[PDB]
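To start, the structure itself, in structure tokens.
Nothing in this text is a laboratory measurement; each read-out follows from the coordinates by a stated rule. Positions of Cβ are backbone-derived with ideal geometry, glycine not excepted, and every protein chain shown enters the neighbour counts.
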Amino acid sequence: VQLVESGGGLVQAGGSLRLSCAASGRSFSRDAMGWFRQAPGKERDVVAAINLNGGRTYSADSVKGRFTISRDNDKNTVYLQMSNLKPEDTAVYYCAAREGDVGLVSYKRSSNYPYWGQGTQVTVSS
């Protein structure tokens, strides 16, 4: 099983981006997947997460009303849509997965996810 991310790149401030995290086969299709980011010089922080059983999402205060997750069942892929991008959104974005659900407390702890994509760099510049 592997998680493969795509969609990183250079993005203008105020702009939007869509990251994808494709899981091998049918992995995690009813479990939980999340997005974390690692800014320069910093440890990873959570961005958003989804319980694929039901579809409830959870998000960091910094992205509420800005960053949303969508799901493509046929491709076993989840997407992070991010709009109104700020320079401070610059970071390596990782997708993560775990067997079993997450909740409004547990989704934010990176150690709760044993599966990780390679990370994709997002650079927000004018």
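Before moving on, here are some points about what is shown:
- Within the span defined as the range 54-69, every residue fails to be within 16 Å of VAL4 (Cβ to Cβ), touching a strand residue (DSSP E or B) at 6+ places or on another chain (Cβ under 7 Å) and among the aliphatic types (A, V, I, L, M).
- Just one of the listed residues (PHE36, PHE28) is in contact (Cβ under 8 Å) with a residue 40 or more places away in the chain, of a type in the set (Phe, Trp, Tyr) and touching a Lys or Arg at 6+ places or on another chain (Cβ under 6 Å), namely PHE36.
- Of residues in the range 7-21 being under 11 Å from the mean Cα position of the chain (by Cα) and of a type outside the set (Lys, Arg), the one surrounded by the fewest Cβ atoms within 10 Å (Cβ to Cβ): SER20
- The set of residues from the range 15-27 being polar (S, T, N, Q) and in a loop (DSSP other than H, G, I, E, B) comprises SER16, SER24, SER27.
- Consider the range 73-101 and keep the residues that are charged (D, E, K, R) and assigned to a helix (DSSP H, G or I). The one that is surrounded by the fewest Cβ atoms within 10 Å (Cβ to Cβ) is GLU88.
- If only residues of the range 28-37 that are in contact with a strand residue (DSSP E or B) (Cβ under 7 Å, 6 or more places away or on another chain) and part of a loop (DSSP other than H, G, I, E, B) are counted, the one that is surrounded by the most Cβ atoms within 10 Å (Cβ to Cβ) is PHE28.
- Of the residues contained in the range 38-51, one or more are found to be in a loop (DSSP other than H, G, I, E, B) and either of a type in the set (A, V, I, L, M) or buried (at least 19 other Cβ atoms within 10 Å of the Cβ) (or both).
- Odd one out for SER70, checked against (1) in a strand (DSSP E or B); (2) surrounded by 18 or more Cβ atoms within 10 Å (Cβ to Cβ): (2)
- Pairing residues of the range 110-126 that are under 18 Å from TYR79 (Cα atoms) and touching a residue at least 12 places away in the same chain (Cβ under 8 Å) with residues that are in a loop (DSSP other than H, G, I, E, B) and aromatic (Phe, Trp, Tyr), at Cβ distances under 9 Å and at least 6 apart in sequence or on separate chains, gives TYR115/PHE28.
- Residue satisfying condition, being closer than 20 Å to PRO40 by Cβ and not β-branched (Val, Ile, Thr), within set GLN81, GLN121: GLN121
- Any hit, the range 6-14, residues being in contact with a strand residue (DSSP E or B) (Cβ under 6 Å, 6 or more places away or on another chain), assigned to a loop (DSSP other than H, G, I, E, B) and aliphatic (A, V, I, L, M): yes
- Scanning the range 82-114 for residues that are more than 16 Å from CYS21 (Cβ to Cβ) and among the β-branched types (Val, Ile, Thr) gives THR90, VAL105.
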